[PDB]
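*Asks:* This structure is in structure tokens; I'll ask about it shortly.
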Amino acid sequence: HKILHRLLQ
Amino acid sequence: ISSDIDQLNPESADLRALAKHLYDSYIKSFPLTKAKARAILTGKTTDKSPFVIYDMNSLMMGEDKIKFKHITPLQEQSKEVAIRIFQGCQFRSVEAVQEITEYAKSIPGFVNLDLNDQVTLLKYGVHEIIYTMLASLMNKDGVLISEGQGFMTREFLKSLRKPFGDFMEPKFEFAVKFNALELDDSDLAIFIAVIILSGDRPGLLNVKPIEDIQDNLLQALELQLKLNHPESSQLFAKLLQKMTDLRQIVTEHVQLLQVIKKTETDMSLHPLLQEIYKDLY
Ligand SMILES: */C(=C(/C#N)C(=O)N[C@@H]1CCC[C@@H]1OCc1cccc(CNC(=O)c2ccc(CN3CCN(C)CC3)cc2)c1)C(C)(C)C
């Protein structure tokens, strides 16, 4: 789930 | 106990502020409003009309001669008709996620949740939200594409080869019923928020804080619909049931993407869509 939590930053 | 007996619902003034706050994010966050999309579709606009794709001749004239802001991946332009069209859809989906995620930050106390919870919420939410927003771009005839520049017929899409012919009909089926509710961008703003904040999402560590926000938003939405659509009673109810149909579209969507993963080596799913579909239903 790496790309998502990038965008949540 | 006088404090304890404040089991009552928050004041409307606070909710309307929440409604307005959400709306602004929505306007800022997204490229195409329903209000805008409707202008084009009903023809009430001096904006350049959109190019109608109803067959191959139309499609080829579009690809060849018409200028489009949204295009099929350049690499993918070599491909079969049914692949290209869909690859272009796939690309616009990628952007929608970014836009949607930006919007979710705006929701009061989204970031104040656990990121394992908070990332899960988006994983399941986005497609439900995409299908909800797509319906603003649809009618019974077809769908607006590339920021209103093209319009592509429902029947053309059904004339494509299996399994792509049947791909979009269930969205059309939904979009005509959803659009019958006659919602607008100010209603949609809150409703999108309601979709994301669900305690039914699988693998959620802290349901209680989420359920509390959703309750906040359901209260906000209920009032917004009361204020905005006096004619239709139980619109709140009727609207909440559409969440069912959204789910069903999304599950069927993934189940057809299984076929695509097995059926063609040359349809390549984007790394992000792949991430979201990985371990999903
Ligand atoms: C689009 C669907 C298909 N197949 C489709 O909607 N697919 C996905 C379902 C769930 C996510 C995807 O939709 C993402 C999306 C978000 C916002 C807006 C749209 C509307 N579609 C487009 O704007 C669009 C853009 C480019 C192209 C490619 N074409 C450009 C014009 N000429 C050159 C032909 C190729 C298509 C659509 C989608 C279709 C039913 C339209 C195939």
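Residue numbering restarts at 1 for every chain of the structure tokens, chains are lettered A, B, ... in their displayed order, and ligands are numbered from 1 as they appear.
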Identify all chain A residues at most 7 Å from chain B by counting only C-alpha atoms; ligands do not count. Present them as a list in words.

*Replies:*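 The answer, sorted by residue number, is residues 1, 3, 4 and 5 of chain A.
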
*Asks:* Generate a file of the selected residues that holds N, CA and C atoms, formatted as a short mmCIF file (atom, residue, chain, number, x, y, z; two decimals), in the first residue's frame.

*Replies:*
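Dumped everything to again.cif:
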data_model
loop_
_atom_site.label_atom_id
_atom_site.label_comp_id
_atom_site.auth_asym_id
_atom_site.auth_seq_id
_atom_site.Cartn_x
_atom_site.Cartn_y
_atom_site.Cartn_z
N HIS A 1 0.84 -1.25 0.00
CA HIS A 1 0.00 0.00 0.00
C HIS A 1 0.85 1.27 0.00
N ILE A 3 2.04 3.55 -2.58
CA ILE A 3 1.72 4.76 -3.36
C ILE A 3 0.63 5.56 -2.64
N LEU A 4 -0.37 4.87 -2.09
CA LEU A 4 -1.44 5.57 -1.38
C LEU A 4 -0.90 6.40 -0.22
N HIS A 5 -0.28 5.77 0.78
CA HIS A 5 0.22 6.51 1.96
C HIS A 5 1.23 7.62 1.63
#

*Asks:* Could you list, as an MDAnalysis selection string, all residues that come within 6 Å of ligand 1? Count only C-alpha atoms and all ligand atoms.

*Replies:* chainID B and resid 62:63 70:72 85:86 88:90 92:93 96 134 145:146

*Asks:* Produce a file of the selected residues containing N, CA and C atoms, as a PDB file, in the first residue's frame.

*Replies:*
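After the write, out31.pdb holds the following:
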ATOM      1  N   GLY B  62     -11.907  11.385 -34.743  1.00  0.00           N
ATOM      2  CA  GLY B  62     -11.480  11.883 -33.442  1.00  0.00           C
ATOM      3  C   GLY B  62     -10.007  11.668 -33.189  1.00  0.00           C
ATOM      4  N   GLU B  63      -9.568  10.439 -33.407  1.00  0.00           N
ATOM      5  CA  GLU B  63      -8.175  10.064 -33.179  1.00  0.00           C
ATOM      6  C   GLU B  63      -7.242  10.782 -34.128  1.00  0.00           C
ATOM      7  N   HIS B  70      -7.156  14.838 -23.320  1.00  0.00           N
ATOM      8  CA  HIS B  70      -6.943  13.514 -22.744  1.00  0.00           C
ATOM      9  C   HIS B  70      -6.839  12.539 -23.878  1.00  0.00           C
ATOM     10  N   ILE B  71      -5.773  11.751 -23.890  1.00  0.00           N
ATOM     11  CA  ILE B  71      -5.508  10.882 -25.016  1.00  0.00           C
ATOM     12  C   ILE B  71      -5.215   9.477 -24.505  1.00  0.00           C
ATOM     13  N   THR B  72      -5.364   8.517 -25.415  1.00  0.00           N
ATOM     14  CA  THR B  72      -4.893   7.154 -25.245  1.00  0.00           C
ATOM     15  C   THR B  72      -3.382   7.175 -25.008  1.00  0.00           C
ATOM     16  N   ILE B  85      -9.290   2.827 -26.450  1.00  0.00           N
ATOM     17  CA  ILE B  85     -10.381   3.544 -25.807  1.00  0.00           C
ATOM     18  C   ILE B  85     -10.287   3.365 -24.284  1.00  0.00           C
ATOM     19  N   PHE B  86     -10.170   2.106 -23.865  1.00  0.00           N
ATOM     20  CA  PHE B  86     -10.121   1.717 -22.444  1.00  0.00           C
ATOM     21  C   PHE B  86      -8.842   2.114 -21.712  1.00  0.00           C
ATOM     22  N   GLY B  88      -7.197   4.817 -22.413  1.00  0.00           N
ATOM     23  CA  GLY B  88      -7.427   6.228 -22.175  1.00  0.00           C
ATOM     24  C   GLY B  88      -8.298   6.460 -20.962  1.00  0.00           C
ATOM     25  N   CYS B  89      -9.336   5.636 -20.810  1.00  0.00           N
ATOM     26  CA  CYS B  89     -10.149   5.679 -19.596  1.00  0.00           C
ATOM     27  C   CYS B  89      -9.255   5.417 -18.394  1.00  0.00           C
ATOM     28  N   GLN B  90      -8.481   4.340 -18.460  1.00  0.00           N
ATOM     29  CA  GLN B  90      -7.571   3.984 -17.369  1.00  0.00           C
ATOM     30  C   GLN B  90      -6.662   5.122 -16.930  1.00  0.00           C
ATOM     31  N   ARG B  92      -7.210   8.440 -17.211  1.00  0.00           N
ATOM     32  CA  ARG B  92      -8.026   9.439 -16.518  1.00  0.00           C
ATOM     33  C   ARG B  92      -8.417   8.977 -15.097  1.00  0.00           C
ATOM     34  N   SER B  93      -8.556   7.662 -14.900  1.00  0.00           N
ATOM     35  CA  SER B  93      -8.752   7.073 -13.561  1.00  0.00           C
ATOM     36  C   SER B  93      -7.592   7.377 -12.596  1.00  0.00           C
ATOM     37  N   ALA B  96      -7.889  10.798 -11.263  1.00  0.00           N
ATOM     38  CA  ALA B  96      -9.059  10.903 -10.391  1.00  0.00           C
ATOM     39  C   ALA B  96      -8.714  10.542  -8.955  1.00  0.00           C
ATOM     40  N   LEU B 134     -18.608   9.981 -12.246  1.00  0.00           N
ATOM     41  CA  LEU B 134     -18.838   9.658 -13.655  1.00  0.00           C
ATOM     42  C   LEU B 134     -20.278   9.847 -14.113  1.00  0.00           C
ATOM     43  N   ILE B 145     -16.330  12.820 -22.219  1.00  0.00           N
ATOM     44  CA  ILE B 145     -14.920  12.430 -22.041  1.00  0.00           C
ATOM     45  C   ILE B 145     -13.966  13.601 -22.267  1.00  0.00           C
ATOM     46  N   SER B 146     -12.776  13.493 -21.669  1.00  0.00           N
ATOM     47  CA  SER B 146     -11.715  14.482 -21.815  1.00  0.00           C
ATOM     48  C   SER B 146     -12.233  15.894 -21.514  1.00  0.00           C
TER      49      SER B 146
END

*Asks:* Might you pull out every residue within 7 Å of region 249-256 of chain B, with only C-alpha atoms counted and same-chain residues fewer than 4 positions away left off, and present them as number ranges by chain?

*Replies:* B: 127-128, 170-171, 245, 260, 281

*Asks:* Which residues are near residue 231 (chain B)? Cut-off 12 Å, only C-alpha atoms, ignore same chain within fewer than 5 positions. Put them as a VMD selection string.

*Replies:* chain B and resid 181 to 182 225 to 226

*Asks:* Take the residues from that selection and write them out as a short mmCIF file (atom, residue, chain, number, x, y, z; two decimals), in the first residue's frame, keeping N, CA, C and O atoms.

*Replies:*
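File selection_3.cif, as written:
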data_model
loop_
_atom_site.label_atom_id
_atom_site.label_comp_id
_atom_site.auth_asym_id
_atom_site.auth_seq_id
_atom_site.Cartn_x
_atom_site.Cartn_y
_atom_site.Cartn_z
N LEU B 181 -32.12 11.07 -9.34
CA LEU B 181 -32.20 11.76 -8.04
C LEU B 181 -32.03 13.28 -8.15
O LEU B 181 -32.39 13.99 -7.21
N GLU B 182 -31.48 13.77 -9.26
CA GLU B 182 -31.31 15.20 -9.51
C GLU B 182 -30.47 15.87 -8.39
O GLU B 182 -30.87 16.88 -7.84
N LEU B 225 -29.83 17.82 2.11
CA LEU B 225 -30.88 17.32 1.21
C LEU B 225 -32.25 17.87 1.57
O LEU B 225 -33.05 18.15 0.67
N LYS B 226 -32.51 18.01 2.87
CA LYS B 226 -33.76 18.61 3.34
C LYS B 226 -33.92 20.03 2.81
O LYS B 226 -34.99 20.38 2.28
#

*Asks:* Run DSSP on the backbone of this structure and report the residues of chain A it assigns to alpha helix (DSSP H), as a PyMOL selection string.

*Replies:* chain A and resi 2-7

*Asks:* Next, the residues of the selection above should be written as a short mmCIF file (atom, residue, chain, number, x, y, z; two decimals), in the first residue's frame with N, CA, C and O atoms.

*Replies:*
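Contents of the output file again-v9.cif:
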data_model
loop_
_atom_site.label_atom_id
_atom_site.label_comp_id
_atom_site.auth_asym_id
_atom_site.auth_seq_id
_atom_site.Cartn_x
_atom_site.Cartn_y
_atom_site.Cartn_z
N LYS A 2 1.92 1.28 -0.80
CA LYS A 2 2.96 2.32 -0.69
C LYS A 2 2.64 3.63 -1.39
O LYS A 2 2.91 4.70 -0.85
N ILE A 3 2.04 3.55 -2.58
CA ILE A 3 1.72 4.76 -3.36
C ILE A 3 0.63 5.56 -2.64
O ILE A 3 0.70 6.78 -2.60
N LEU A 4 -0.37 4.87 -2.09
CA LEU A 4 -1.44 5.57 -1.38
C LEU A 4 -0.90 6.40 -0.22
O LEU A 4 -1.01 7.62 -0.26
N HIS A 5 -0.28 5.77 0.78
CA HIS A 5 0.22 6.51 1.96
C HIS A 5 1.23 7.62 1.63
O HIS A 5 1.40 8.54 2.43
N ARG A 6 1.88 7.56 0.46
CA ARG A 6 2.63 8.71 -0.06
C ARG A 6 1.69 9.91 -0.25
O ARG A 6 1.96 11.00 0.23
N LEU A 7 0.59 9.68 -0.96
CA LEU A 7 -0.37 10.74 -1.25
C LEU A 7 -1.13 11.25 -0.02
O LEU A 7 -1.59 12.39 -0.01
#

*Asks:* Please compute the CA of residue 83 (chain B)-CA of residue 135 (chain B) distance, one decimal, in Å.

*Replies:*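 According to the coordinates, CA of residue 83 (chain B) and CA of residue 135 (chain B) are separated by 22.3 Å.
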
*Asks:* Quick one: residues within 10 Å of residue 207 (chain B), only C-alpha atoms, excluding same-chain residues fewer than 3 positions away - as a list in words?

*Replies:*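 Near neighbours after the sequence-gap exclusion: residues 113, 117, 197, 198, 199, 200, 201, 203, 204, 210, 211 and 212 of chain B.
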
*Asks:* Take the residues just selected and output them with C-alpha atoms as an mmCIF file, in the first residue's frame.

*Replies:*
data_model
loop_
_atom_site.group_PDB
_atom_site.id
_atom_site.type_symbol
_atom_site.label_atom_id
_atom_site.label_comp_id
_atom_site.auth_asym_id
_atom_site.auth_seq_id
_atom_site.Cartn_x
_atom_site.Cartn_y
_atom_site.Cartn_z
ATOM 1 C CA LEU B 113 -7.265 9.062 12.060
ATOM 2 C CA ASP B 117 -7.377 2.953 8.876
ATOM 3 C CA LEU B 197 -15.959 7.412 6.039
ATOM 4 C CA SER B 198 -17.343 3.870 6.308
ATOM 5 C CA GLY B 199 -16.909 1.568 9.358
ATOM 6 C CA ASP B 200 -17.798 -1.451 7.193
ATOM 7 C CA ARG B 201 -14.435 -1.239 5.372
ATOM 8 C CA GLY B 203 -9.243 -4.313 8.112
ATOM 9 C CA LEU B 204 -10.155 -1.177 10.084
ATOM 10 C CA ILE B 210 -14.711 6.862 11.875
ATOM 11 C CA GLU B 211 -18.352 6.023 12.711
ATOM 12 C CA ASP B 212 -18.456 9.314 14.690
#

*Asks:* If you count only C-alpha atoms, which residues fall within 12 Å of residue 80 (chain B), apart from same-chain ones fewer than 2 positions away, as an MDAnalysis selection string?

*Replies:* chainID B and resid 56 72 76:78 82:87 160:161 164 264 266:267

*Asks:* Next, the residues of the selection above should be written as a PDB file, in the first residue's frame with N, CA and C atoms.

*Replies:*
ATOM      1  N   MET B  56     -16.955   3.713 -35.822  1.00  0.00           N
ATOM      2  CA  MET B  56     -15.523   3.714 -36.146  1.00  0.00           C
ATOM      3  C   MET B  56     -15.086   4.938 -36.927  1.00  0.00           C
ATOM      4  N   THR B  72      -5.364   8.517 -25.415  1.00  0.00           N
ATOM      5  CA  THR B  72      -4.893   7.154 -25.245  1.00  0.00           C
ATOM      6  C   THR B  72      -3.382   7.175 -25.008  1.00  0.00           C
ATOM      7  N   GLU B  76       0.198   2.887 -26.465  1.00  0.00           N
ATOM      8  CA  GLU B  76      -1.005   2.087 -26.692  1.00  0.00           C
ATOM      9  C   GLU B  76      -1.794   2.403 -27.973  1.00  0.00           C
ATOM     10  N   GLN B  77      -1.530   3.554 -28.611  1.00  0.00           N
ATOM     11  CA  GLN B  77      -2.177   3.958 -29.890  1.00  0.00           C
ATOM     12  C   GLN B  77      -2.059   2.926 -31.040  1.00  0.00           C
ATOM     13  N   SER B  78      -1.005   2.107 -31.011  1.00  0.00           N
ATOM     14  CA  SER B  78      -0.834   0.982 -31.952  1.00  0.00           C
ATOM     15  C   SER B  78      -1.937  -0.096 -31.899  1.00  0.00           C
ATOM     16  N   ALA B  82     -10.625  -1.484 -29.086  1.00  0.00           N
ATOM     17  CA  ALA B  82     -11.254  -1.668 -27.772  1.00  0.00           C
ATOM     18  C   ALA B  82     -10.250  -1.453 -26.655  1.00  0.00           C
ATOM     19  N   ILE B  83      -8.968  -1.725 -26.931  1.00  0.00           N
ATOM     20  CA  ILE B  83      -7.880  -1.527 -25.963  1.00  0.00           C
ATOM     21  C   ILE B  83      -7.583  -0.051 -25.775  1.00  0.00           C
ATOM     22  N   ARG B  84      -7.383   0.667 -26.874  1.00  0.00           N
ATOM     23  CA  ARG B  84      -7.029   2.086 -26.826  1.00  0.00           C
ATOM     24  C   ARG B  84      -8.025   2.938 -26.052  1.00  0.00           C
ATOM     25  N   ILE B  85      -9.290   2.827 -26.450  1.00  0.00           N
ATOM     26  CA  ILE B  85     -10.381   3.544 -25.807  1.00  0.00           C
ATOM     27  C   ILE B  85     -10.287   3.365 -24.284  1.00  0.00           C
ATOM     28  N   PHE B  86     -10.170   2.106 -23.865  1.00  0.00           N
ATOM     29  CA  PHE B  86     -10.121   1.717 -22.444  1.00  0.00           C
ATOM     30  C   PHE B  86      -8.842   2.114 -21.712  1.00  0.00           C
ATOM     31  N   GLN B  87      -7.722   2.091 -22.429  1.00  0.00           N
ATOM     32  CA  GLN B  87      -6.451   2.583 -21.897  1.00  0.00           C
ATOM     33  C   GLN B  87      -6.535   4.060 -21.548  1.00  0.00           C
ATOM     34  N   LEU B 160     -18.478  -2.965 -28.933  1.00  0.00           N
ATOM     35  CA  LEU B 160     -17.090  -3.390 -28.865  1.00  0.00           C
ATOM     36  C   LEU B 160     -17.088  -4.874 -28.594  1.00  0.00           C
ATOM     37  N   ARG B 161     -15.924  -5.482 -28.770  1.00  0.00           N
ATOM     38  CA  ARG B 161     -15.770  -6.918 -28.591  1.00  0.00           C
ATOM     39  C   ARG B 161     -15.888  -7.329 -27.122  1.00  0.00           C
ATOM     40  N   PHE B 164     -15.284  -6.307 -23.510  1.00  0.00           N
ATOM     41  CA  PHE B 164     -15.374  -4.836 -23.377  1.00  0.00           C
ATOM     42  C   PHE B 164     -16.743  -4.253 -23.725  1.00  0.00           C
ATOM     43  N   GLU B 264      -5.397 -10.814 -21.707  1.00  0.00           N
ATOM     44  CA  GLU B 264      -4.446 -10.069 -22.553  1.00  0.00           C
ATOM     45  C   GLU B 264      -3.170  -9.677 -21.819  1.00  0.00           C
ATOM     46  N   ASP B 266      -1.118  -7.645 -23.316  1.00  0.00           N
ATOM     47  CA  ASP B 266      -0.901  -6.279 -23.828  1.00  0.00           C
ATOM     48  C   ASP B 266      -1.791  -5.190 -23.209  1.00  0.00           C
ATOM     49  N   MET B 267      -2.805  -5.580 -22.436  1.00  0.00           N
ATOM     50  CA  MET B 267      -3.474  -4.636 -21.540  1.00  0.00           C
ATOM     51  C   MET B 267      -2.696  -4.631 -20.230  1.00  0.00           C
TER      52      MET B 267
END

*Asks:* Find the residue from B:137, B:121, B:130, B:100 that sits nearest to residue 39 (chain B); use only C-alpha atoms when measuring.

*Replies:* B:137

*Asks:* Can you pull out the residues contacting residue 34 (chain B)? Cut-off 8 Å, using only C-alpha atoms, and skip same-chain residues under 3 positions away; I want them as a count of residues only.

*Replies:* 6
